[PDB]
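Below is one structure, written out as structure tokens; comments come after it.
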Amino acid sequence: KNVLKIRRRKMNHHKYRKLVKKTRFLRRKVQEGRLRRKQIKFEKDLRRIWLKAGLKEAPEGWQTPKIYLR
Amino acid sequence: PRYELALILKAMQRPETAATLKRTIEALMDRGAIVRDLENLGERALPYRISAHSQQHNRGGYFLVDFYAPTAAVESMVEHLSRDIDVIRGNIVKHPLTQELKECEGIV
Amino acid sequence: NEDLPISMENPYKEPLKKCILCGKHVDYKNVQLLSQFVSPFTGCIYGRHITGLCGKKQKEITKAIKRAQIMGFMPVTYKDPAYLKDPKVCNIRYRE
Amino acid sequence: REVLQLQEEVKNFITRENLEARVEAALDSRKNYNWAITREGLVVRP
Amino acid sequence: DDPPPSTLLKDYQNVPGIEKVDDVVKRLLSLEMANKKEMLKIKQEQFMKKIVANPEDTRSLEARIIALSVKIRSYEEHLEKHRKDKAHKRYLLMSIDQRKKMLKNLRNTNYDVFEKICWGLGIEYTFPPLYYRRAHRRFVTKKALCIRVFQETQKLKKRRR
Amino acid sequence: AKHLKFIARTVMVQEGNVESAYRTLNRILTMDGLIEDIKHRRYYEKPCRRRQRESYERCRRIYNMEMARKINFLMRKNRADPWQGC
RNA sequence: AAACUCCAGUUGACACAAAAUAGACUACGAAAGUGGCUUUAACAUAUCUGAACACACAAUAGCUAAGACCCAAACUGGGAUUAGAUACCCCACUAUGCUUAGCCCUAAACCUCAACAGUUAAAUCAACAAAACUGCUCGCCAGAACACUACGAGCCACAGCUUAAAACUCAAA
Ligand SMILES: NC(=O)c1ccc[n+]([C@@H]2O[C@H](COP(=O)([O-])OP(=O)(O)OC[C@H]3O[C@@H](n4cnc5c(N)ncnc54)[C@H](O)[C@@H]3O)[C@@H](O)[C@H]2O)c1
Ligand code: FES
Ligand SMILES: [K+]
Ligand SMILES: [Mg+2]
Ligand SMILES: [Mg+2]
Ligand SMILES: [Mg+2]
Ligand SMILES: [Mg+2]
Ligand SMILES: [Mg+2]
Ligand SMILES: [Mg+2]
Ligand SMILES: [Mg+2]
Ligand SMILES: [Mg+2]
Ligand SMILES: [Mg+2]
């Protein structure tokens with residue numbers, strides 16, 4: 001069997017785990033910003049729906065839940 | 001179903017042994033058992049020293065109680081056998097006779 | 001032709017070999033029998049290459065021995081000395 | 001056949017009436033389950 | 001409801017003179033002195049007598065449905081006490097799926113027997129879903145909003161007209 | 001601990017032959033597997049290693065018995081040549 | 001050498017840990033797994049196939065709460081060795097291995113053989129592995145690396161898991 005392929009998989013994985021450790025803090029900020037933008041996009045899509053329907057505002061009693069914040 | 005209770009009782013005199021046997025059979029009947037027969041295997045030295053109810057036993061009386069009881073009774077009986085101070089060790093098994101003696105054609 | 005061979009099961013087929021306990025009931029209370037398959041010095045259960053028993057009866061003997069040992073009928077670390085003079089059925093010799 | 005056998009067997013079962021006598025008789029009895037086997041496959045009763 | 005514990009075993013119910021025996025024999029040959037399997041057999045026999053046209057024919061689809069229903073009830077009773085028995089949970093789910101398949105076949109072949117089976121065993125036949133897709137948070141919230149918006153649109157249209 | 005003493009793994013000496021009694025006891029303990037069990041229990045053997053070892057010994061024994069059977073079966077032909085010259 | 005000397009030997013009492021021998025057996029379970037004893041429940045389907053996502057499960061490791069703690073032991077100290085030892089050897093002791101209620105969903109999770117049905121006739125047949133094939137169905141694959149990666153989406157997971165590319169490069173792999 002290909003032992004080079006498994007050793008290449010090991011080196012690639014080990015190198016990757018070093019990168020995430022080094023940049024763990026920068027990654028967290030990127031992820032939280034991405035989640036914020038994704039929530040904003042979801043809200044915009046919902047607003048698009050109730051605007052196209054005809055309603056000038058959201059359905060009575062409706063509050064867009066935060067479905068991505070941990 | 002049909003069960004066999006193997007009872008290792010304390011080495012006592014005849015009156016206390018009779019009283020303990022009567023109490024055990026009475027508990028069996030109270031839990032709904034139909035007792036078929038009571039066998040005495042004898043008073044003998046235990047294969048090993050057994051510690052029960054803060055007492056050490058090297059000798060004991062061996063008895064067998066064959067009976068028919070509902071499935072729910074067995075657990076209860078076990079707990080009762082745990083409380084009786086004159087019982088060194090009680091064990092309920094499915095009666096060996098109910099086990100079927102399948103026949104063999106020999107070594108293939 | 002009347003002399004042609006006829007289809008038939010082997011009439012000379014010898015009866016298939018039996019273990020010494022075949023057809024007999026193994027009970028956990030029969031400590032005398034269960035003691036014939038344990039080491040006199042350590043109480044260890046002999047394997048089938050020593051006892052000569054079949055797989056089914058080997059399993060039956062093992063289960064009966066364990067049940068008797070745990071229920072206070074048979075010693076574990078040695079064979080009961082009362083059964084040391086019973087017939088020897090195991091193929092083992094300590095030159096003792 | 002099984003029902004008839006059970007019916008005749010029940011006559012010897014222990015009840016609340018014969019418990020004293022049966023316990024006493026069992027105390028004055030001894031049952032032996034021990035028997036050995038030989039290399040020829042024969043049972044040796046004690 | 002379970003059969004009363006005094007009921008005789010399935011194999012000891014047609015024996016001649018079984019009513020002319022002692023009470024102890026009756027207790028010994030009853031469900032009280034037997035495992036749960038004999039009691040399940042008595043349920044199966046009762047359901048067969050109550051539902052199927054020929055109670056002796058165990059080869060019909062209805063008879064198999066009755067037997068699997070008894071088995072499913074047994075599995076559910078086991079799992080009420082044994083919550084962490086994953087193997088028996090698997091067995092229950094598999095038996096439910098098999099009974100659904102048999103019920104579909106019975107409906108496709110014999111609708112009258114299908115109705116009798118559904119009424120007798122208390123089974124509420126359900127049609128399978130058309131699509132199998134995850135209902136994640138985004139989809140669920142979006143669908144709820146869409147339903148609400150449709151309701152408000154209907155109200156506004158009613159007010160206009 | 002809870003058993004009677006001087007019954008298990010006990011050998012009596014005959015005519016003051018203590019060395020013979022010790023060697024008999026050693027034979028008994030080795031035959032019953034106690035010696036190898038004690039030696040193997042000094043360090044923990046991993047379950048996978050235990051399974052591999054057991055399979056290896058079982059197959060080794062089977063192969064050795066089969067080879068011994070073959071050699072014994074073919075040993076009959078090892079006699080003086082009856083057709084020497086031709 | 002450290003360590004202990006509230007140490008060591010016999011005897012007696014004494015687990016929420018682990019389950020010699022049997023087992024040279026090859027069984028149960030869908031797989032993962034399952035080898036001390038008793039008892040109660042209990043191991044789907046009288047066509048077959050049928051899912052990364054549906055419904056259920058999934059070794060070891062790991063994360064939350066509480067509890068138990070003999071032994072073992074990442075980590076952490078001490079002793080020794082070494083040019084150095086942030087390792088190997090010795091001692092001690094944690095997380096963890098255990099129970100309860102939730103998660104996490106990964107393995108060389110492999111018999112490295114997809115499920116059912118059928119054949120032993122043909123040149124048997126690249127090679128090796130494990131004799132060679134046929135019918136039918138689902139899943140998957142179309143040079144290497146980039147890449148068990150990036151982005152998107154989903155997830156009780158937040159240094160995580162599933163799915164999973166492209167650009168540049170090469171004549172190989
Ligand atoms: N997508 C469905 O809901 C659906 C409904 C009926 C039948 N099927 C059949 O399932 C097969 C697979 O279809 P696909 O490639 O587009 O799915 P897919 O594998 O590409 O996944 C997309 C969706 O289809 C579902 N899916 C996947 N396999 C399925 C199956 N066997 N049955 C039902 N749903 C399945 C998944 O849950 C997922 O939500 C097709 O033969 C299709 O005819 C699919
Ligand atoms: S050979 Fe028949 S039971 Fe062992
Ligand atoms: K493998
Ligand atoms: Mg299927
Ligand atoms: Mg698909
Ligand atoms: Mg897991
Ligand atoms: Mg854990
Ligand atoms: Mg595995
Ligand atoms: Mg498949
Ligand atoms: Mg598939
Ligand atoms: Mg490629
Ligand atoms: Mg990834």
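Residues are referred to by chain and number: the chain letter is A, B, ... according to the order shown in the structure tokens, the number counts from 1 in that chain, and ligands are numbered separately from 1 in the order shown.
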
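Each residue with an atom within 10 Å of any atom of ligand 8 appears in the list, which was built counting only C-alpha atoms (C1' of nucleotides) and all ligand atoms: residues 31, 32, 33, 59, 107, 108, 109 and 110 of chain G.
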
May I have the residues within 8 Å of ligand 6, computed using only C-alpha atoms (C1' of nucleotides) and all ligand atoms, as a PDB file with N, CA and C atoms (P, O5', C5', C4', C3', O3' and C1' of nucleotides), in the first residue's frame?
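Saved file selection.pdb follows:
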ATOM      1  P     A G  58     -24.678   3.747  20.906  1.00  0.00           P
ATOM      2  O5'   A G  58     -23.614   2.900  20.079  1.00  0.00           O
ATOM      3  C5'   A G  58     -22.224   3.081  20.288  1.00  0.00           C
ATOM      4  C4'   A G  58     -21.441   2.843  19.023  1.00  0.00           C
ATOM      5  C3'   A G  58     -20.219   3.727  18.829  1.00  0.00           C
ATOM      6  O3'   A G  58     -19.084   3.262  19.537  1.00  0.00           O
ATOM      7  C1'   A G  58     -21.498   3.719  16.848  1.00  0.00           C
ATOM      8  P     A G  59     -18.719   3.882  20.973  1.00  0.00           P
ATOM      9  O5'   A G  59     -17.419   3.076  21.414  1.00  0.00           O
ATOM     10  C5'   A G  59     -17.470   1.672  21.609  1.00  0.00           C
ATOM     11  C4'   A G  59     -16.098   1.052  21.540  1.00  0.00           C
ATOM     12  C3'   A G  59     -15.015   1.737  22.356  1.00  0.00           C
ATOM     13  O3'   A G  59     -15.055   1.387  23.728  1.00  0.00           O
ATOM     14  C1'   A G  59     -14.193   1.239  20.190  1.00  0.00           C
ATOM     15  P     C G 104     -24.010  16.041  20.167  1.00  0.00           P
ATOM     16  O5'   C G 104     -22.439  15.909  19.953  1.00  0.00           O
ATOM     17  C5'   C G 104     -21.584  17.034  20.091  1.00  0.00           C
ATOM     18  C4'   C G 104     -20.141  16.609  20.188  1.00  0.00           C
ATOM     19  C3'   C G 104     -19.666  15.653  19.101  1.00  0.00           C
ATOM     20  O3'   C G 104     -19.276  16.326  17.917  1.00  0.00           O
ATOM     21  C1'   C G 104     -19.028  14.820  21.222  1.00  0.00           C
ATOM     22  P     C G 105     -20.106  16.130  16.555  1.00  0.00           P
ATOM     23  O5'   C G 105     -19.689  14.678  16.056  1.00  0.00           O
ATOM     24  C5'   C G 105     -18.318  14.311  15.944  1.00  0.00           C
ATOM     25  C4'   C G 105     -18.155  12.825  15.744  1.00  0.00           C
ATOM     26  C3'   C G 105     -18.796  12.266  14.474  1.00  0.00           C
ATOM     27  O3'   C G 105     -18.016  11.176  13.987  1.00  0.00           O
ATOM     28  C1'   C G 105     -19.742  11.213  16.353  1.00  0.00           C
TER      29        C G 105
END

**OP:** Could you please select, counting only C-alpha atoms, the residues of chain F within 7 Å of chain C and state them as an MDAnalysis selection string?
**Re:** chainID F and resid 7:10 24 27:28

Kindly export the residues of the current selection with N, CA and C atoms, as a short mmCIF file (atom, residue, chain, number, x, y, z; two decimals), in the first residue's frame.
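The resulting file, result-v5.cif, is shown below:
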data_model
loop_
_atom_site.label_atom_id
_atom_site.label_comp_id
_atom_site.auth_asym_id
_atom_site.auth_seq_id
_atom_site.Cartn_x
_atom_site.Cartn_y
_atom_site.Cartn_z
N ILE F 7 -3.58 -27.23 51.57
CA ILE F 7 -4.24 -28.16 50.66
C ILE F 7 -3.89 -27.86 49.21
N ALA F 8 -3.84 -26.58 48.85
CA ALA F 8 -3.56 -26.16 47.49
C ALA F 8 -2.06 -26.01 47.27
N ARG F 9 -1.58 -26.54 46.14
CA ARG F 9 -0.19 -26.37 45.73
C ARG F 9 0.78 -26.89 46.79
N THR F 10 0.42 -28.00 47.42
CA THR F 10 1.19 -28.57 48.52
C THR F 10 1.67 -29.96 48.14
N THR F 24 8.99 -31.59 41.74
CA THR F 24 7.62 -32.02 41.44
C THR F 24 6.64 -30.85 41.54
N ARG F 27 7.02 -28.77 38.52
CA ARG F 27 6.37 -29.38 37.37
C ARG F 27 4.87 -29.15 37.43
N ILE F 28 4.28 -29.29 38.62
CA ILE F 28 2.83 -29.12 38.75
C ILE F 28 2.43 -27.69 38.41
#

Original post:
Quick one, how far is CA of residue 55 (chain A) from CA of residue 136 (chain E)?
Top reply: 26.1 Å

**OP:** Kindly provide, as a PyMOL selection string, the residues of chain E having any atom no farther than 6 Å from an atom of chain G, counting only C-alpha atoms (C1' of nucleotides).
**Re:** chain E and resi 91+94-95+98+132

Could the residues in this selection be written to a file with N, CA, C and O atoms, as a PDB file, in the first residue's frame?
ATOM      1  N   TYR E  91     -34.855  -2.842  17.667  1.00  0.00           N
ATOM      2  CA  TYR E  91     -35.816  -3.890  17.344  1.00  0.00           C
ATOM      3  C   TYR E  91     -37.227  -3.324  17.244  1.00  0.00           C
ATOM      4  O   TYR E  91     -37.985  -3.681  16.335  1.00  0.00           O
ATOM      5  N   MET E  94     -37.508  -1.262  13.967  1.00  0.00           N
ATOM      6  CA  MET E  94     -37.531  -2.152  12.814  1.00  0.00           C
ATOM      7  C   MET E  94     -38.870  -2.870  12.703  1.00  0.00           C
ATOM      8  O   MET E  94     -39.420  -3.004  11.603  1.00  0.00           O
ATOM      9  N   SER E  95     -39.411  -3.340  13.830  1.00  0.00           N
ATOM     10  CA  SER E  95     -40.708  -4.004  13.806  1.00  0.00           C
ATOM     11  C   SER E  95     -41.810  -3.043  13.383  1.00  0.00           C
ATOM     12  O   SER E  95     -42.734  -3.430  12.660  1.00  0.00           O
ATOM     13  N   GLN E  98     -41.563  -2.712   9.652  1.00  0.00           N
ATOM     14  CA  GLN E  98     -42.064  -3.915   8.994  1.00  0.00           C
ATOM     15  C   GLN E  98     -43.586  -3.969   9.035  1.00  0.00           C
ATOM     16  O   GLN E  98     -44.230  -4.352   8.050  1.00  0.00           O
ATOM     17  N   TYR E 132     -37.461  13.742   2.422  1.00  0.00           N
ATOM     18  CA  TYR E 132     -36.653  13.485   3.612  1.00  0.00           C
ATOM     19  C   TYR E 132     -35.485  14.464   3.608  1.00  0.00           C
ATOM     20  O   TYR E 132     -34.470  14.234   2.943  1.00  0.00           O
TER      21      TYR E 132
END

**OP:** Do me a favour and pick out the residues of chain E within 9 Å of chain B, using only C-alpha atoms, as an NGL selection string.
**Re:** :E and (24 or 28 or 31-36)

Could those selected residues go to a file with N, CA, C and O atoms, as a PDB file, in the first residue's frame?
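Writing the result to result_21.pdb gives the following:
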ATOM      1  N   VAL E  24     -54.967 -25.982  42.716  1.00  0.00           N
ATOM      2  CA  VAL E  24     -53.514 -25.871  42.612  1.00  0.00           C
ATOM      3  C   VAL E  24     -53.059 -26.155  41.187  1.00  0.00           C
ATOM      4  O   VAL E  24     -52.182 -25.468  40.650  1.00  0.00           O
ATOM      5  N   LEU E  28     -51.106 -23.712  38.609  1.00  0.00           N
ATOM      6  CA  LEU E  28     -49.858 -24.114  37.969  1.00  0.00           C
ATOM      7  C   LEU E  28     -49.937 -23.997  36.453  1.00  0.00           C
ATOM      8  O   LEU E  28     -48.927 -23.699  35.805  1.00  0.00           O
ATOM      9  N   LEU E  31     -51.451 -18.333  33.510  1.00  0.00           N
ATOM     10  CA  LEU E  31     -50.478 -17.302  33.170  1.00  0.00           C
ATOM     11  C   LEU E  31     -49.736 -16.777  34.392  1.00  0.00           C
ATOM     12  O   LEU E  31     -48.656 -16.196  34.242  1.00  0.00           O
ATOM     13  N   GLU E  32     -50.292 -16.962  35.591  1.00  0.00           N
ATOM     14  CA  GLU E  32     -49.628 -16.475  36.796  1.00  0.00           C
ATOM     15  C   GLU E  32     -48.286 -17.168  37.005  1.00  0.00           C
ATOM     16  O   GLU E  32     -47.340 -16.560  37.517  1.00  0.00           O
ATOM     17  N   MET E  33     -48.187 -18.438  36.611  1.00  0.00           N
ATOM     18  CA  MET E  33     -46.994 -19.248  36.828  1.00  0.00           C
ATOM     19  C   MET E  33     -46.207 -19.462  35.537  1.00  0.00           C
ATOM     20  O   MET E  33     -45.573 -20.504  35.356  1.00  0.00           O
ATOM     21  N   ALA E  34     -46.240 -18.486  34.632  1.00  0.00           N
ATOM     22  CA  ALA E  34     -45.578 -18.586  33.341  1.00  0.00           C
ATOM     23  C   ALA E  34     -44.866 -17.278  33.027  1.00  0.00           C
ATOM     24  O   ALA E  34     -45.138 -16.233  33.624  1.00  0.00           O
ATOM     25  N   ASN E  35     -43.943 -17.349  32.073  1.00  0.00           N
ATOM     26  CA  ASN E  35     -43.228 -16.165  31.627  1.00  0.00           C
ATOM     27  C   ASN E  35     -44.127 -15.303  30.741  1.00  0.00           C
ATOM     28  O   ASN E  35     -45.248 -15.679  30.386  1.00  0.00           O
ATOM     29  N   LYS E  36     -43.617 -14.123  30.386  1.00  0.00           N
ATOM     30  CA  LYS E  36     -44.411 -13.172  29.617  1.00  0.00           C
ATOM     31  C   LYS E  36     -44.755 -13.703  28.230  1.00  0.00           C
ATOM     32  O   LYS E  36     -45.726 -13.248  27.617  1.00  0.00           O
TER      33      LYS E  36
END

Subject >> Exercise answer, 9 Å around ligand 12 with only C-alpha atoms (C1' of nucleotides) and all ligand atoms, as an MDAnalysis selection string >> reply: chainID G and resid 148:149 161:162 164

When you look at region 24-40 of chain D with a cut-off of 9 Å (counting only C-alpha atoms (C1' of nucleotides)), what residues show up, excluding the ones that are within fewer than 6 positions of it in the same chain? I need them as a CSV table (one decimal) with N, CA and C atoms, in the first residue's frame.
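Dumped to out00.csv:
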chain,number,residue,atom,x,y,z
B,14,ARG,N,-31.5,-28.5,66.0
B,14,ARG,CA,-32.7,-28.9,65.3
B,14,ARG,C,-33.8,-27.9,65.4
B,17,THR,N,-33.1,-24.7,63.3
B,17,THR,CA,-33.1,-25.0,61.9
B,17,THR,C,-34.6,-25.2,61.4
B,18,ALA,N,-35.4,-26.0,62.1
B,18,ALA,CA,-36.8,-26.2,61.7
B,18,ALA,C,-37.5,-24.8,61.7
B,37,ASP,N,-41.3,-29.7,47.1
B,37,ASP,CA,-40.7,-30.6,48.1
B,37,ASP,C,-39.5,-30.0,48.7
B,38,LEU,N,-39.1,-30.4,49.9
B,38,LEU,CA,-37.9,-29.9,50.6
B,38,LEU,C,-36.9,-31.0,50.8
B,39,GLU,N,-35.7,-30.8,50.3
B,39,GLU,CA,-34.6,-31.8,50.4
B,39,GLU,C,-33.6,-31.3,51.4
B,40,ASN,N,-33.0,-32.2,52.2
B,40,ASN,CA,-31.9,-31.9,53.1
B,40,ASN,C,-30.7,-32.6,52.5
B,41,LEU,N,-29.7,-31.8,52.2
B,41,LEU,CA,-28.4,-32.3,51.6
B,41,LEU,C,-27.4,-32.6,52.7
B,42,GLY,N,-27.6,-32.1,53.9
B,42,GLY,CA,-26.7,-32.4,55.1
B,42,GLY,C,-26.0,-31.2,55.6
C,20,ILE,N,-17.5,-39.5,27.3
C,20,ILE,CA,-17.8,-40.3,28.5
C,20,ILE,C,-19.1,-39.8,29.2
C,21,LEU,N,-19.4,-38.5,29.0
C,21,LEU,CA,-20.6,-37.9,29.7
C,21,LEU,C,-21.8,-37.8,28.8
C,27,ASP,N,-25.0,-31.5,36.7
C,27,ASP,CA,-25.7,-30.7,37.7
C,27,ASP,C,-24.6,-30.0,38.6
C,29,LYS,N,-24.8,-29.3,41.6
C,29,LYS,CA,-24.7,-29.9,43.0
C,29,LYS,C,-23.9,-31.2,43.0
C,30,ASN,N,-23.6,-31.8,41.9
C,30,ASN,CA,-22.8,-33.0,41.8
C,30,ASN,C,-21.3,-32.6,41.8
C,31,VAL,N,-20.9,-32.2,43.0
C,31,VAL,CA,-19.5,-31.8,43.2
C,31,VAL,C,-18.5,-32.9,42.9
C,32,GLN,N,-18.9,-34.2,43.2
C,32,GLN,CA,-18.1,-35.3,43.0
C,32,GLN,C,-17.7,-35.4,41.5
C,33,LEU,N,-18.7,-35.3,40.6
C,33,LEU,CA,-18.4,-35.3,39.2
C,33,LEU,C,-17.6,-34.1,38.7
C,34,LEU,N,-18.0,-32.9,39.1
C,34,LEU,CA,-17.3,-31.7,38.7
C,34,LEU,C,-15.8,-31.7,39.2
C,36,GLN,N,-13.8,-34.2,39.1
C,36,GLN,CA,-13.0,-35.0,38.2
C,36,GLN,C,-12.3,-34.3,37.1
C,86,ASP,N,-11.1,-40.6,43.6
C,86,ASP,CA,-12.1,-41.0,42.6
C,86,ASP,C,-11.5,-41.4,41.3
C,87,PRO,N,-12.2,-42.1,40.5
C,87,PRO,CA,-11.6,-42.6,39.2
C,87,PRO,C,-11.0,-41.4,38.4
C,88,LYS,N,-9.9,-41.7,37.8
C,88,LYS,CA,-9.2,-40.7,37.0
C,88,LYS,C,-9.6,-40.8,35.6
C,89,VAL,N,-10.2,-39.7,35.0
C,89,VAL,CA,-10.7,-39.7,33.7
C,89,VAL,C,-10.0,-38.7,32.8
C,90,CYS,N,-9.0,-37.9,33.4
C,90,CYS,CA,-8.3,-36.9,32.6
C,90,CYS,C,-6.9,-37.4,32.2
D,46,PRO,N,-22.3,-43.4,45.0
D,46,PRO,CA,-21.7,-43.5,46.4
D,46,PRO,C,-22.6,-44.4,47.3

Selection within 10 Å of ligand 9 by only C-alpha atoms (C1' of nucleotides) and all ligand atoms, output as a PDB file with N, CA, C and O atoms (P, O5', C5', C4', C3', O3' and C1' of nucleotides), in the first residue's frame:
ATOM      1  P     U G  49     -31.854  -7.557   0.833  1.00  0.00           P
ATOM      2  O5'   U G  49     -31.680  -6.428  -0.276  1.00  0.00           O
ATOM      3  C5'   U G  49     -30.623  -6.487  -1.222  1.00  0.00           C
ATOM      4  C4'   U G  49     -30.665  -5.315  -2.168  1.00  0.00           C
ATOM      5  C3'   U G  49     -30.743  -3.942  -1.520  1.00  0.00           C
ATOM      6  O3'   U G  49     -29.473  -3.467  -1.108  1.00  0.00           O
ATOM      7  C1'   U G  49     -32.318  -4.089  -3.292  1.00  0.00           C
ATOM      8  P     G G  50     -29.310  -2.654   0.268  1.00  0.00           P
ATOM      9  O5'   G G  50     -30.106  -1.299   0.011  1.00  0.00           O
ATOM     10  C5'   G G  50     -29.740  -0.426  -1.046  1.00  0.00           C
ATOM     11  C4'   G G  50     -30.824   0.586  -1.323  1.00  0.00           C
ATOM     12  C3'   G G  50     -31.199   1.491  -0.159  1.00  0.00           C
ATOM     13  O3'   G G  50     -30.353   2.624  -0.054  1.00  0.00           O
ATOM     14  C1'   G G  50     -33.162   0.584  -1.135  1.00  0.00           C
ATOM     15  P     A G  51     -28.993   2.570   0.801  1.00  0.00           P
ATOM     16  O5'   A G  51     -28.689   4.102   1.117  1.00  0.00           O
ATOM     17  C5'   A G  51     -28.446   5.027   0.062  1.00  0.00           C
ATOM     18  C4'   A G  51     -28.530   6.458   0.534  1.00  0.00           C
ATOM     19  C3'   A G  51     -27.751   6.771   1.814  1.00  0.00           C
ATOM     20  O3'   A G  51     -27.245   8.105   1.761  1.00  0.00           O
ATOM     21  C1'   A G  51     -30.024   7.274   2.143  1.00  0.00           C
ATOM     22  P     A G 114     -16.508  -5.503  -1.621  1.00  0.00           P
ATOM     23  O5'   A G 114     -17.974  -5.429  -1.004  1.00  0.00           O
ATOM     24  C5'   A G 114     -18.187  -4.998   0.332  1.00  0.00           C
ATOM     25  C4'   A G 114     -19.590  -4.481   0.523  1.00  0.00           C
ATOM     26  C3'   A G 114     -20.697  -5.515   0.394  1.00  0.00           C
ATOM     27  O3'   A G 114     -20.890  -6.271   1.577  1.00  0.00           O
ATOM     28  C1'   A G 114     -21.243  -3.634  -0.912  1.00  0.00           C
ATOM     29  P     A G 115     -21.452  -7.774   1.497  1.00  0.00           P
ATOM     30  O5'   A G 115     -23.000  -7.584   1.177  1.00  0.00           O
ATOM     31  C5'   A G 115     -23.841  -6.871   2.071  1.00  0.00           C
ATOM     32  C4'   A G 115     -25.266  -6.833   1.585  1.00  0.00           C
ATOM     33  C3'   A G 115     -25.840  -8.157   1.115  1.00  0.00           C
ATOM     34  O3'   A G 115     -26.271  -8.969   2.192  1.00  0.00           O
ATOM     35  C1'   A G 115     -26.384  -6.453  -0.440  1.00  0.00           C
ATOM     36  P     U G 137     -30.647  -3.898 -12.777  1.00  0.00           P
ATOM     37  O5'   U G 137     -30.514  -3.317 -11.300  1.00  0.00           O
ATOM     38  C5'   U G 137     -31.666  -3.144 -10.493  1.00  0.00           C
ATOM     39  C4'   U G 137     -31.320  -2.919  -9.043  1.00  0.00           C
ATOM     40  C3'   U G 137     -30.453  -1.713  -8.728  1.00  0.00           C
ATOM     41  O3'   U G 137     -31.159  -0.486  -8.764  1.00  0.00           O
ATOM     42  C1'   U G 137     -29.679  -3.572  -7.503  1.00  0.00           C
ATOM     43  P     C G 138     -30.396   0.875  -9.158  1.00  0.00           P
ATOM     44  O5'   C G 138     -29.656   1.304  -7.815  1.00  0.00           O
ATOM     45  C5'   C G 138     -30.401   1.736  -6.688  1.00  0.00           C
ATOM     46  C4'   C G 138     -29.558   1.793  -5.437  1.00  0.00           C
ATOM     47  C3'   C G 138     -28.370   2.739  -5.459  1.00  0.00           C
ATOM     48  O3'   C G 138     -28.723   4.097  -5.270  1.00  0.00           O
ATOM     49  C1'   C G 138     -27.703   0.674  -4.543  1.00  0.00           C
ATOM     50  P     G G 139     -27.799   5.257  -5.888  1.00  0.00           P
ATOM     51  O5'   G G 139     -26.440   5.146  -5.065  1.00  0.00           O
ATOM     52  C5'   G G 139     -26.416   5.371  -3.663  1.00  0.00           C
ATOM     53  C4'   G G 139     -25.049   5.113  -3.081  1.00  0.00           C
ATOM     54  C3'   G G 139     -23.887   5.802  -3.775  1.00  0.00           C
ATOM     55  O3'   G G 139     -23.747   7.167  -3.425  1.00  0.00           O
ATOM     56  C1'   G G 139     -23.333   3.546  -3.395  1.00  0.00           C
TER      57        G G 139
END

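Distance check against chain G using only C-alpha atoms (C1' of nucleotides): of F:79, F:58, F:2, F:23, the minimum falls on F:58.
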
Original post:
So which bits of chain D end up alpha helix (DSSP H) when you DSSP the backbone, as a ChimeraX atom specification?
Top reply: /D:2-10,19-27

Using only C-alpha atoms, please write the residues we just selected to a file, as a PDB file, in the first residue's frame.
ATOM      1  CA  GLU D   2     -48.977 -34.247  31.515  1.00  0.00           C
ATOM      2  CA  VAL D   3     -52.060 -32.873  33.281  1.00  0.00           C
ATOM      3  CA  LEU D   4     -52.790 -36.219  34.951  1.00  0.00           C
ATOM      4  CA  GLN D   5     -49.157 -36.574  36.041  1.00  0.00           C
ATOM      5  CA  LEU D   6     -49.225 -33.074  37.529  1.00  0.00           C
ATOM      6  CA  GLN D   7     -52.510 -33.838  39.296  1.00  0.00           C
ATOM      7  CA  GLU D   8     -51.098 -36.955  40.951  1.00  0.00           C
ATOM      8  CA  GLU D   9     -47.851 -35.139  41.793  1.00  0.00           C
ATOM      9  CA  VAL D  10     -49.675 -32.256  43.506  1.00  0.00           C
ATOM     10  CA  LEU D  19     -45.390 -27.760  56.759  1.00  0.00           C
ATOM     11  CA  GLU D  20     -44.408 -28.835  60.283  1.00  0.00           C
ATOM     12  CA  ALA D  21     -44.398 -32.560  59.508  1.00  0.00           C
ATOM     13  CA  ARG D  22     -42.678 -32.160  56.141  1.00  0.00           C
ATOM     14  CA  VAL D  23     -39.981 -29.909  57.620  1.00  0.00           C
ATOM     15  CA  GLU D  24     -39.375 -32.440  60.399  1.00  0.00           C
ATOM     16  CA  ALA D  25     -39.205 -35.358  57.950  1.00  0.00           C
ATOM     17  CA  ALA D  26     -36.821 -33.465  55.663  1.00  0.00           C
ATOM     18  CA  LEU D  27     -34.632 -32.684  58.674  1.00  0.00           C
TER      19      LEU D  27
END
